[PDB]
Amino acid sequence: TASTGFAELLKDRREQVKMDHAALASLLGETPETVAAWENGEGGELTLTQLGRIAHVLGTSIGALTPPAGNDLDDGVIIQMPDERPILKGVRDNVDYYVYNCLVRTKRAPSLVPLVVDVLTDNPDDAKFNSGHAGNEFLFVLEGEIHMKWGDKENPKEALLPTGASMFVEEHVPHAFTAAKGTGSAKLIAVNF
């Protein structure tokens, strides 16, 4: 219930900064009746920009006025069966680099992005980097032998990791993988949290 959430959250914030329907409606160029309406979940039709302005007026953020992602835990758990896991071909300049067998996700923890990654190429030098991403990542070499390279794309550090190897990659640090030269392909689990 986006509207319901907004309705409860708007009300709170308004009172929080000591404003009555009238005070607020003014700053927004709206009628007190309207504001009062919104506090009823009748705001569902508001646009992103308006919500943007309402936040500004209330000196806070759209996030602060919208509700939590929600809960989807089955008494505290979510299960994803193997066959029903999303696949996503990944091409770096039309070069099939990875394949993403997306694992179980949850609104109770969106920062969590589990992945079984299929390393397609095995050309260490034809390895394409990523600028690094937000949140840390946990890696476990599933199959084959991954040839990891992190740091500066111009001259990065590196280590070929045998199956069984586990690695941590701090947030925002650039990295790239491929199999050991000539080995063909490899597999690893990638956990972004």
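Whichever C-alpha set is largest while still superposing within 1.5 Å between the two forms counts as the rigid core. Residue positions are given as counts along the sequence shown, with the first one as 1.
- Averaged as a root mean square over residues and superposed structures in 9 other deposited structures of this protein, CA distances to the shown form are larger in 122-130; the pair compared was 122-130 and 161-169 with a core fit.
- Of the other entries compared for this protein that flank it with modelled residues, all give atoms for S111, so not even a third lack it.
- When the other compared entries with both flanking residues are checked, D93 is unmodelled in at least a third.
- Of the two segments examined, 17-25 and 168-176, it is 168-176 that shows the higher average Cα temperature factor in the deposited entry.
- For the segment pair 121-129 and 135-143, the entry gives 121-129 the higher mean B-factor, averaged over Cα atoms.
- Within the listed group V57, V35, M148, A64, the record reports its top CA B-factor for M148.
- In this PDB entry, the Cα temperature factor of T163 sits in the middle third of its chain's modelled residues.
- In the deposited entry, the Cα temperature factor of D152 sits in the top third of values across the chain's modelled residues.
- When the CA B factors of the chain's modelled residues are split into thirds, the value for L103 lands in the lowest one.
- In this PDB entry, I87 carries a Cα temperature factor that places it within the middle third of its chain's modelled residues.
- In the deposited entry, the Cα temperature factor of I79 places it in the middle third of its chain's modelled residues.
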